[PDB]
C-alpha cells in the first residue's frame, strides 16, 4: 500500500493482527527472544538495548533517574532508551513499565492516592475509574506507557505484608474495582471480545492484572508462599476478578511468586496456558514477576536453565529478568536451538507482546509528549485524591457511651486545639509503602499535605493549633485545649517486611493516645494498611477513624473530621478481635469479628 520501500508492519492504517504477522515473519530468533526480555533501567545502555534487541524496560521500586527528578527528566530518560531500540534493524519500540499502584508513586511530586484497601472502603467503582484516568495521565507525564496495576489479590489474611494492595477480602468488591482498568487504558469499544488487550492511545497506559493467581490466599498470609485450597475455592475467591479484567481488555497479566497446592505459579502450565490463555481466551501478554522464574527452584536461582524451561513452557511471554539478561537470552536461545522449547512457543509469546504494542499505538507514538509533563501532581488530580481519602475513612467509634454528645464533627472555631502523634505530621507514613521507595519512607518525601497541615488549613483564624508529637499527660491537662486530634499507626512496608504475625502498632502510639485522651476529648486517626489490634485504642478514645493509607492529600481526613462531608466509608475487611482467630473472613462458619465487613458509623455534613 504505496512507496517502493513499503513495509506493512510500519503502516498505521493496517489491522493489528496483519501488522503482528508481518513483523513476526521477518524476525530472527535473537529478535524474537529480545522481545521476550524485560530489563531494569539500571542495567540498560544504548548498546545493550540494540545488541540484545530488548523488548521492554522497567523501573523497580525506587529505580529513578535521580531523587527529585522532574517529569521532563523522566521523559528524557525513557526517550534515550527508546531511541536506542528504534535504531535496531526492525525498529521495534520498547514498552517501559513501572509500579504506578496509587498514582505514579515512584515519582517526586506525583499525586499519591489512597492504597487499595481504603479504596475498597469507598464501595465507589467510578471513583476508582477516575483514579485510573488521573494515574494514566501522571504516568504518561513521565513518558512511561505501562503500569503494573491493578493488584486484584483477594487478601484472606491481614498478616500478609501486601494486604493494603487488596481492595477487600470479598471477591465481589475486588471485582467491582476492576474499573481501574478502563480508567488506566480507556473504555473498550461496544463490539469488544473478552480477553483481547486494549489501550486507547498515547494518553492512556497498558494495565496489568496481578498477581495470577491466589496471591492473597497464602498460608498465614506468608508472602510468596503456598495457597492451599481446592479448585472450587480458587475459582470462587481468587479467580473471578481475572474474568472481569478480560472483559475490560486488560493488556497484560503478571504471574504470582506464590504456589497453588505446592505448584509454583511461574511453572503452572495448567493455569497459565490451560486456564488463562485457553479458557479465559487471554490474548495479551503474560509477564513474570521480578526474578519470579529464579524462585521456581529451591534455593532460588540454583538451576536457571530449568527456570527458563519451566516458565516459558508454562506459557509466560515476557520475563522480568531483570538484571541478568545475557544469561537469560543465552539459556533460552540454547533451549530453542536444542528443541527443548518449540518455535511455536516463542512465536506465541512474541505475537502477544507485539499485539499489545501495536494495539496501544506504541509504533505510532514511541516517544514522550513534552506537553504532558504538567500533568504530574496536577491540582485537579489532588482534588480527586482528597475526595478518595475522605470516602475511604471508616468511623469506628464516635462517643464513649450512647449518651455522650458525638465528638465528630469537630468545630473549626475553638480557642486552642492539640494535634498529636507520630502520624500527625509525617507525609511518608500517611502514604505508606510504594511511595518514592518500595518500602516507603519517613517524613516529607514528596509534595503533599500532612494531617497537621490540613488542620491548620481548615480551622478558623482564631483557632490556635498546637502540635506535640508525643506529649505527656500533664502537658495535655495543662494546655487549655478544647479537643485533640491524635494520629498513630503502622510504619510503611511492602512484601515480606510487612508480613506480621502480631499486628500491634509500634510504640509510642497507644501510649500517646492514652495520654492525650486522658486529658481532653480526642479523635484518634489510625493509619494502617490493614486491621490491627484496636481494643486498647478504642477504649481510650472518644472517636476513632480507620483512615488506612490515605496518600498525599491529608485534607481528605480533615474534610470529614470537621464536617464538610459526612463519614460514609464501610469496612472492606473483617476486623478481628485477636490474631489467634486468623484467618477469619465474612461467611466463615466460626465468624466472631470485633467489627464485621461492612461496618461503619456515619455522620452528617455541617
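Numbering follows the first chain given and starts at 1.
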item: Mean Cα B-factor comparison, 514-522 or 96-104, giving the higher one as deposited; value: 514-522
item: Mean temperature factor over C-alpha atoms, higher-scoring stretch between 21-29 and 586-594; value: 586-594
item: Highest recorded Cα temperature factor - choice among 117, 340, 385, 136; value: 340
item: Residue, from 401, 75, 252, 435, that the PDB entry assigns the highest Cα B-factor; value: 401
item: Residue 52, C-alpha B-factor rank within chain (lowest, middle or highest third); value: middle
item: Record-listed C-alpha B factor of residue 566: chain third; value: middle
item: Entry-reported Cα temperature factor of residue 140, expressed as the chain third it lands in; value: lowest
item: Third of the chain's Cα B-factor distribution that residue 364 belongs to, per the entry; value: middle
item: Entry-reported Cα temperature factor of residue 325, expressed as the chain third it lands in; value: highest
